[PDB]
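There is one chain below, alone, in structure tokens, taken in the form solved without the partner chain.
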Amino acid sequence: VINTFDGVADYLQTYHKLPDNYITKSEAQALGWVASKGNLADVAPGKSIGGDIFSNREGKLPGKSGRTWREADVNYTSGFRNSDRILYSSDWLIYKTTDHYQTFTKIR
């Protein structure tokens, strides 16, 4: 049950995977997550959307041969998804955004 910037960053770097409270978007849709309805905490209490590949096409995050970027929602409790996201690479560089991928800051 970890969903803070430090909690998830630390977890990833140490255990090389997201904490157990995360599910991908297709998983949550399968489970009855309806975006426009803001009902995640309704169909999946205690769960956050996380683990999907992030394309990086605005090209704002540092790229590299064979490097993959993935994202996870941070600070989510209920209702519509918020604007906080942790971004992590295949090689464990960790960045965060608090304005829907507009700007990023390195945190690890």
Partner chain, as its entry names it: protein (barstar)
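Residue numbers count along the first chain shown, from 1.
Unshown form deposited with the partner chain bound; subsequent notes refer to it.
Shown alone here, residue 83 lies within 4.5 Å of the partner chain in the deposited bound form, counting heavy atoms only. Although the partner is absent from this view, residue 33 contacts the partner chain in the deposited bound form, with a non-hydrogen atom inside 4.5 angstroms. Put simply, residue 64 is far from the partner chain in the deposited bound form: not one heavy atom of it is within 4.5 Å.
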